[PDB]
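Asks: Sequence, then the experimental structure. Questions to follow.
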Amino acid sequence: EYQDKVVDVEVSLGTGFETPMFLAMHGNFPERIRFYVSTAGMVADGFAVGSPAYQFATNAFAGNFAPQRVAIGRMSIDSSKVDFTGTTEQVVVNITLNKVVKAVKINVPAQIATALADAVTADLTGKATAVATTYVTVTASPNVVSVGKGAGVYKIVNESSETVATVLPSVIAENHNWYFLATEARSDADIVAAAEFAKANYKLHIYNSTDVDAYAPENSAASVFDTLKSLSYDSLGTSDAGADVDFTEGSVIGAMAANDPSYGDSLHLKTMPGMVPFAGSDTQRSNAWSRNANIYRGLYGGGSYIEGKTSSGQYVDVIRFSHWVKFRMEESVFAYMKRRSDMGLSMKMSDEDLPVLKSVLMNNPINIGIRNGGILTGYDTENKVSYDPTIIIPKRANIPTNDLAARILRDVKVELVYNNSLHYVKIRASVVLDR
Amino acid sequence: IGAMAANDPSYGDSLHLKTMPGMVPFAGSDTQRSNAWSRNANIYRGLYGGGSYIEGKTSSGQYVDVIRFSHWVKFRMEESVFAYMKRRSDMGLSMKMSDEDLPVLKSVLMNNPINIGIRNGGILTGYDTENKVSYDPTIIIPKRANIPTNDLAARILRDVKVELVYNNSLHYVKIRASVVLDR
Amino acid sequence: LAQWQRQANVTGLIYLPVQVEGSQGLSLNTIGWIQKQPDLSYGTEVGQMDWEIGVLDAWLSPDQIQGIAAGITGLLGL
Amino acid sequence: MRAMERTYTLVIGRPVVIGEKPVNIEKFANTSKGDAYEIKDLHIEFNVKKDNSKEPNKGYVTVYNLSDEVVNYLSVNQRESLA
Amino acid sequence: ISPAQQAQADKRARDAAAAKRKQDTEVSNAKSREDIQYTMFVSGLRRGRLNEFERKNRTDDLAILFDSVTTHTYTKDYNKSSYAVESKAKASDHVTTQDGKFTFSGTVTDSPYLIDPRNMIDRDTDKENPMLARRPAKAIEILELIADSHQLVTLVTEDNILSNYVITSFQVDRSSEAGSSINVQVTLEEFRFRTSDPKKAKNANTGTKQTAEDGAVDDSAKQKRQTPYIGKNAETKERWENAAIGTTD
Amino acid sequence: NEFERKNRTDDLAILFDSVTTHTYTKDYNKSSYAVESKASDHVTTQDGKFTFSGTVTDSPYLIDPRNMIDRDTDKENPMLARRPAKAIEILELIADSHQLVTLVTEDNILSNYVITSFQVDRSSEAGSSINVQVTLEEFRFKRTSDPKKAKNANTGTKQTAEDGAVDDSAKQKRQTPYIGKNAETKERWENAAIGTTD
Amino acid sequence: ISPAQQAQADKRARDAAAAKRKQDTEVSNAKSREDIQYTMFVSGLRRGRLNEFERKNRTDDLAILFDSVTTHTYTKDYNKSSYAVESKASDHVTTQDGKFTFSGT
Amino acid sequence: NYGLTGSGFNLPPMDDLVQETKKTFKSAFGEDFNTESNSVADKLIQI
Amino acid sequence: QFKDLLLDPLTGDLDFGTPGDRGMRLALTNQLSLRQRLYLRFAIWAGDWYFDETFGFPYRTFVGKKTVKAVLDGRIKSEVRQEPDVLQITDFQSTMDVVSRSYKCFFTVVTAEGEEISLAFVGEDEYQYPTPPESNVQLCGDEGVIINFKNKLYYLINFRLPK
């Protein structure tokens, strides 16, 4: 195009893997998924300050390893509630028609509950409705309405007729460049359904639960964590009082996103901004530990996470590594087959071409792992075994004739050893004196 | 003409921003200049703290410095081959279409026109990382087993092919930045 | 190899994988590069060109040979 | 383009004679021949101290490889005070 | 000479002067940032010392890696005094320790094998087009900035870790023997030795102080003009300062 | 990109037939006594040095005329042009006049460098050519001028300036006769108001 | 600047200062006790020097052995007046301190 | 100093006026105000 | 924290503000100050500003000449780091088109935010000097002491009875 300057300078702002997806309840756009780079964009989309999605996004962008670009899922709303089962100024924020920012105010729970409903009616009342029942329900008419917490102790509780188990198959179709999965419903049925979906699609599930049963005595299995443990599901659960209201899921995601899985970076002692220390006693913490329910603890002169143990039992950093190995090994072999088949020289099961896979696999996935410290190497003095990766390929004299008809190669095997981090240290000493 | 004359065509010297004494700046507005640009009608413009030409685009569309280079290649390639044929024919040993003497043209053409182009920066050379092709000049000559008998009667050699890549100058630059702050 | 050498000189990428699968013998698997171009010699017979390819690691691996893990633990020493 | 190089000049004049009016060393620069003995391009080392006290300010100088004529002119006037 | 030649003379002054401004200001920026530390990984990276290379964030803790380090050496020295006795022999007296010196040699190649982005040299190097990234050049303007700004370098060697070392000299040789690379040698020596809480601060000293040079009374000495006031709250100030402070006259 | 900027009258450029090695080095020094403690000011910077070796041959391979060595060299008979003698004549003049040379190198560009020594020899081997070595060091350099840029200056004590009508008397030179372009107006006033040196 | 850097410059000063407290302290106590006696065994060992090697305990008479010693040299020096003596005046000579050096691995 | 004095009429250079007015601007908005090279206020004041 | 007149990022003129609050503004946030400090530094061609011959960027060296992309990027990336408050440069996508002969690069810069040291020169004050009493309240007491006690008694009577 015609350029009217020899130089044009614009000074402006703004602009396993990183991007998380937060499955929220709202109607601010028709699509099922949208990407954002800052909380500012979500405000322009009619997200009220204090709203569930807003809390997650602001928490995720504040971490030391914040993701580059978050994603918001959409599940329909039918009604929303404001619960006042605790009170002292109880400012609330409402946005209607995408522009009407009416920050309702009230001061001093039925009185406040009814008082808040009365204040809303005093408004634009021609576009939204309110009614007290302790809690007060707020309903839109065909108008985008957003309700969020401004102050006080109340907590927002959105409700929807749609079910998470059915929406997730929908969001994936639109786009799938997202790895972390988080949900707002946080009911026992909703959480479990989300956990099962993450398995078949190889996604990492995260959830914070306010259940008091989390740190109940170990013999008592009543919390969600017990159900997932029984089903052997991998989902990074944890217990926090701010799990609602603030949706601290973003804080945890904020510590892992901008960090390549090949480094094997443990999540043991990292600090999560936004979270609040766990105040339970020593016995309670031991109980929760048996549950695989991680806790954020205020440590000696500080506060930090405790352990990245998933519900099944394996440390989280292992799970990301295992997924990262799956993805890269799959793309690397495919990327080579295309080249051969695109030159007319497609690969053949001739036993003279199969061995080439030794170099292809050792090249992209394996070596990159060693240079980053993810994969161990060397020798063991007590087990007397070496840690070097090994690869074995079957010869044409073993492939059953059934496979040759279907042109399938199976039973290839690979071996790896993972580099384990350090979590605890326990000194022991004894001051004996000479005689 | 005063800005291009005393300048060998092999250097590929662009005429983009040179200053022309005597001319007066074009006073039209921004919209007018955009209109004239679509016409391939170059304008002398008074620039930031100065005045200079804008672009050497001919009526067809190609930049002017290319056209001089293309003509300069035509002339030198033509004289160089002829200047060699005379020598052979003037020693009694005139060139023959024997397929044992044709290949010599590899050295004659690479000698006078092509190499002088590379030493002056006119012709590119090297390799390309995304197209995966090289920029080295290539020359292809047909063998006696392909020349039709009609040409042998007329003693004509045709269908020789040569390849070159031109070194493009720079005309515009457009910066883009964004001052993001840590959190 | 000649085209690869020219390309490597022009751009800079010189490292490519090298694998040799021996028969009833030791094998190799590492990353190599082109060291020295051989010398042509047009004569009466058909000539021979010898390419020197340098390799990063040159430790030969028993791999295909079986019964090596057990044998290694058998050796005594102090 | 040049560098930043040093330069200097040294002048020798007639003997100083005190009279009945203020003495100005300026007017004694010219020699009987007119122009004075000027020395420009010869390695010179000098040290000149100055102060605010009774004693006069004194300075020391050294010159290498002077022409015989100039040295002869100073062999004479050894009883006198050249400016 | 000619009037046109005056323009040519002016170019020399500007371009030559502008060159030192870029170098001088950049050096001035160093020695002003105190939250920056430079570390050089001579060796040991692949044996144990990998733990320290992970702690550096490319923003305030920076690591210097070299494509190859041919040799490194460490030599401490001591001095011994000696006095003579009437027995036609010599005795000894106290001794002293003379700091310590470290040197090493390395090479930076224009065809790297291990391009790790965490290394501060490879901040902008292109992954797929290394030779055009000008690695050999990119190392000189960063090594020179460290030395001429008098940074206190920390060396992470395989044998031990050294701190408070100051660079003294370095070399860069593009000999025809190798080409496409630079041979680098460096030497270092041990430089052995406001804000903040009032509790920890102790009695300081500043010596004799003259009139402040940023306000009036210096103008009367420098023979300049007093700055007029900005009017706000007039008739309240002027009555008081004019009576309690007066004017410098 | 910058070699083509050099013209043949102001920005002269020099190219050697071959350069074998060039080295660049800087030095620093520090106090050898333990400091009192941060007292990081106990260090000084020296001038960087640059040296290289080259050669000039009677049988050049590239005779690009932009090089100032090849100002007027014959195209077909390079050895009769006596190129090595052309280079030396240029080299001594640059060093003798103390020019602030600019070096364009592989990696960086250096400016304000002066030549302190060079060597030339013609050994039995490599006949018909000369080996050349050069050494350079940094220069920490610090009228018709715009009055807006002028600054108060000084010249110390001054005496009678130049051989004038009064300085001539001091040296006993005879007064310069006045050219009689006009001797009617100034004469009555010149002697009455300015007088004569006597 | 920002307070985030002030919380970073302190770390740079604190950790660096901690290094002297480690190295500087160890030498102080090492000089505050004269009981310990260090010894070095350069060659010698197998030619009957084992008689005294076994005397060394692990607390007071510490011993050091290198994996290999290639060469060791011992030398003494003397000096005399360079002017003719007055004559016997054999006192015109002095003894210097003997030097010892070796290389090991 | 440079205006009317007891010994006739004097002339000020440019730099003294520049420094005086820059000091005035500094006083207007505190010691933190920028007035060199890159400031729009600098380009206005010098012109 | 360098203060200066605010330049509109959208038009390049001074940011006089919206039609409802037209006026003049100073650049206060470090982000805004650094934006214009880079903009002016890159927009002024080297040597074209009188009173300072050394300021600006030398575009004439590259524009109109056959130049190497790698050399230009170094100079572009170097001018940025002349500011003393630049933390780092994140990414740099330098691309060149040979057909149109245009060059266009992208990159971002990260800078922190500081404190205000003193508010004396800007607007407001942070202290809360007391308010003089009214009428005979000081010498005889205040009625609020009765109102608060009455309210406490009423609320306590409210508390005990279950509700």
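Replies: Cool, the structure landed. Numbering: from 1, shown residues only, chains lettered A, B, ... in the order given.
Asks: mind listing the helices in chain D by residue range?
Replies: For chain D, helices defined by DSSP state H occupy the ranges D:68-75.
Asks: Residues of it that sit close to chain F?
Replies: By CB under 8 Å from any CB of the partner chain, the residues of chain D that approach chain F are D:1-5, D:26-27, D:29-30, D:32, D:34-35. Every C-beta, even on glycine, is put in place using the N, C-alpha and C of the backbone.
Asks: Of those, which are in range of chain E?
Replies: With CB under 8 Å from any CB as the criterion, the residues of chain D next to chain F include residue D:1 near chain E.
Asks: Which one of the residues of chain D next to chain F is nearest to chain I?
Replies: Chain I has its nearest neighbour among the residues of chain D next to chain F in residue D:1, at 17.0 Å by CB to the nearest CB.
Asks: As a quick check, tell me the outermost residue of chain E.
Replies: Within chain E, the residue lying farthest from the chain centre (CA atoms, centre = their mean) is residue E:87, at 54.1 Å.
Asks: burial count for the closest residue to residue D:28 other than its chain neighbours?
Replies: The spatial neighbour of residue D:28 that comes closest, neighbours along the chain excluded (CB to CB, 6 or more residues apart in numbering or on different chains), is residue D:83 at 4.1 Å. With neighbours defined by other CB atoms under 10 Å in any protein chain shown, the count for residue D:83 comes to 18.
Asks: can you tell me how far residue D:83 sits from residue D:37?
Replies: Separation of residue D:83 from residue D:37 (CB to CB, to the nearest Å) stands at 12 Å.
Asks: Mind listing the shared neighbours of those two?
Replies: Any residue near both residue D:83 and residue D:37 by CB atoms under 8 Å, 6 or more residues apart in numbering or on different chains counts here, and that gives residue D:12.
Asks: what does chain C put close to chain A?
Replies: Within chain C, the positions lying close to chain A (CB under 8 Å from any CB) are C:17, C:19, C:21, C:29, C:69, C:72-73.
Asks: give me phi/psi at the nearest residue to residue E:150 once chain neighbours are set aside?
Replies: Leaving out its chain neighbours, the residue that sits closest to residue E:150 by CB to CB, 6+ apart is residue F:43, at 4.8 Å. With angles defined as degrees, to the nearest 10, residue F:43 shows backbone torsions of phi -150, psi 150.
Asks: Would you enumerate the residues in contact with residue F:43?
Replies: Contacts for residue F:43 (CB under 8 Å, 6+ apart) come out as E:150, E:166, F:28-30.
Asks: all helices for the chain, in order.
Replies: Picked chain A for this. Under DSSP H, chain A gives helices at A:39-44, A:52-61, A:110-121, A:164-174, A:188-201, A:224-231, A:249-256, A:282-290, A:316-342, A:357-361, A:367-371, A:401-406.
Asks: I was thinking of chain C, sorry if that wasn't clear
Replies: Taking DSSP H to define them, one finds helices in chain C at C:2-10, C:69-74.
Asks: so which of those helices comes closest to chain F?
Replies: helix C:2-10 (17.0 Å).
Asks: Is chain I within reach of the closest one?
Replies: No - applying CB under 8 Å from any CB, one finds helix C:2-10 separated from chain I by no less than 14.4 Å.
Asks: how close does the closest residue to chain D within chain H get to residue A:215?
Replies: Chain D sits closest to residue H:15 of chain H, with a gap of 23.8 Å, by CB to the nearest CB. Counting by CB to CB, the separation of residue H:15 from residue A:215 is 74 Å.
Asks: Residues of chain D that sit close to chain E?
Replies: Residues of chain D lying close to chain E (CB under 8 Å from any CB) are residue D:1.
Asks: what about the strands in chain D?
Replies: Using DSSP state E, the strands of chain D run over D:10-12, D:37-39, D:44-48, D:59-63.
Asks: what's the closest of those to chain H?
Replies: Evaluated over the strands of chain D, closeness to chain H peaks at strand D:44-48, with 33.2 Å, by CB to the nearest CB.
Asks: Look up how far chain A lies from residue F:101.
Replies: Distance from residue F:101 to chain A, counting by CB to the nearest CB, to the nearest Å: 32 Å.
Asks: what's the helix or strand for the residue lying closest to that residue once chain neighbours are set aside?
Replies: Nearest residue to residue F:101 in three dimensions, chain neighbours excluded: residue F:113, at 5.2 Å (CB to CB, 6+ apart). Using DSSP states H and E, residue F:113 sits in strand F:109-121.
Asks: Packing partners of the very next helix or strand once past that strand?
Replies: Past strand F:109-121, further along toward the C-terminus, the next helix or strand under DSSP H and E is strand F:129-138. In terms of contacts (3 or more CB pairs under 8 Å, 6 or more residues apart in numbering or on different chains; DSSP states H and E), strand F:129-138 is packed against strand F:49-57, helix F:83-96, strand F:109-121.
Asks: Near chain D, which residues of chain H? Just list them.
Replies: Residues of chain H found near chain D (CB under 8 Å from any CB): none.
Asks: Would you map the helices across chain H?
Replies: Under the criterion DSSP H, helices of chain H are mapped to H:14-29, H:40-46.
Asks: just to revisit the earlier point, now the residue nearest to residue F:101, which residues is it bridged with?
Replies: For residue F:113, the beta-bridge assignment (DSSP bridges) gives partners residue F:101, residue F:138.
Asks: That one - how many residues pack around it?
Replies: Other residues within reach of residue F:113, judged by other CB under 10 Å, total 20.
Asks: Ok, residue E:99 next?
Replies: Residues contacting residue E:99 under the criterion other CB under 10 Å number 16.
Asks: Pick the most buried one from the helices and strands packed on strand F:129-138.
Replies: Mean neighbour count (mean count of other CB atoms under 10 Å in any protein chain shown) peaks for strand F:49-57 among the helices and strands packed on strand F:129-138, with a mean of 18.
Asks: In its sheet, which strands sit next to that one, and in what direction?
Replies: Using DSSP bridges, strand F:49-57 pairs in its sheet with strand F:18-30 (antiparallel), strand F:129-138 (antiparallel).
Asks: Next, the angle helix F:83-96 makes with it.
Replies: Inter-element angle recorded for strand F:49-57 and helix F:83-96: 160 degrees (by axes from the mean of the first three to the mean of the last three CA atoms, to 10 degrees).
Asks: Just the angle for strand F:49-57 relative to strand F:109-121, thanks.
Replies: Strand F:49-57 runs at 50 degrees relative to strand F:109-121, counting by the same axes, to 10 degrees.
Asks: got the contact list for strand F:49-57?
Replies: Contacts for strand F:49-57 (CB under 8 Å, 6+ apart): F:16-26, F:69, F:83-84, F:87, F:103, F:110, F:113, F:126, F:128-137.
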